Every structure is written in structure tokens, then in C-alpha cells.
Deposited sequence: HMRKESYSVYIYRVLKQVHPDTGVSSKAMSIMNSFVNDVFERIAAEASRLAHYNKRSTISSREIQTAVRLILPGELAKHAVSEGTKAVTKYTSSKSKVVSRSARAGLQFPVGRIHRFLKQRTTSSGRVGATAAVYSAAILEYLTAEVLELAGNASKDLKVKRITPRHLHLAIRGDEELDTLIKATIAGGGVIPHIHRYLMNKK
């Protein structure tokens, strides 16, 4: 799958979880690969699930099930909680600010329509749910990495900090190697 850019949104999530922390370009490129690789597993699983519906539809519940199949343990439970809340806020400014999210609902909606192999509609709530799940994982990976980088008395998240963040988390480590 072609690697889309989320850098600007990854940077906005970062300035929330660590307002004083920067992120190098190379660290930013690993984060983007992480988001892209997770998203493509979500899309592939949602396509397979959509075939078990009448008109092959991908809604917020086809993404929720895919998240439960891809994210292990607490990561799933926390991401499902953040995904439901985002869908509930969106259905109740821009589409993403409507869902309380920094990640791009509009772009991810397009990414879902083009990447998924199902024949039916891709609902907007599936875009909202997907963005909230990618944002949550991003915010979790950034919180751990920014924590690591201040342990080293440096103000920038580098590939070393990301790698320490993920290998210091059983769920995240499993998620990455499975992906």
C-alpha cells in the first residue's frame, strides 16, 4: 500500500501529550509507517467483514470488530472506548473537529474507499472510528516515547525513543511484529 502522510496530525497530537517536546524527521517517518501499516490491516479486515453484510457495507461496527481482531488486550478496549466516543461526538466546524479528533476524518474516509475491496458504501462513521483509533495509538506511542526522551534529558523524540516506547509495551510490541 502507498504510504500516506499524517505528519502534521502526528505533530498536533504530540504537542498535546508533550507540549515541550519536538519530533525529528526520521522519528516522524517511522510514526507514519506505523499509522499506515495499522490502517491497512484495519482496511483489509473491514473488507473481509463487509462481505458478511447485504450490500457489503463498512460502518463503524465493521471497524470496531476489526480493531478487536488486530489490537491486543487493553489496547483494543481503550481504542474501542475512544472510537465509540468519537463516533458519538461526531453524530452528536470541520469533520475532524466535529469528532474531537486531530487526525483527518476526510482523508481517512478517502483512504478507506480506495483501499477496501468491498463493493458497497463506506460510511462516514467508519472514517471517524478509524481516525480515532489511529490517533489513540499515536497518542499512546507518543506519550511513552516522549517519556523516554526526557529520561535521557533531551527535548526531541528520536527513533531510539520510539523503539524503547514500543519494546516497553507488551501490547504495542506484539501489534508491531504482527504487522
message: Give me the ranges of the deposited sequence that have no CA atoms here, in sequence order.
response: 1, 94-98, 186-203
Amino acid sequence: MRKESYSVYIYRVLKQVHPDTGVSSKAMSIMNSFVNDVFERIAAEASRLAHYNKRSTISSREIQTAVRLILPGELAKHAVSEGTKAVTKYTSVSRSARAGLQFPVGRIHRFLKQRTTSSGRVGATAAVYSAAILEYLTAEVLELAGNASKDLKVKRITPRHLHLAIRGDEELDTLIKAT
From here on, numbers count along this sequence of modelled residues.
query: Looking at the deposited entry, does 5-13 or 156-164 carry the larger mean Cα B-factor?
result: 156-164
- request: Compare the mean C-alpha B-factor of 121-129 with that of 48-56 as given in the PDB entry, and name the stretch with the higher value.
  value: 48-56
query: Of the choices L134, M28, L142, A148, which one's C-alpha carries the largest B-factor in the record?
result: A148
- request: State the tercile, meaning the lowest, middle or highest third, of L71 with respect to the CA B-factors recorded for its chain.
  value: middle
- request: Check where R115 lands among this chain's C-alpha B-factors and tell me if it's the lowest, middle or highest third.
  value: highest
message: Could you place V93 in the lowest, middle or highest third of its chain by Cα temperature factor, using the values in the record?
response: highest
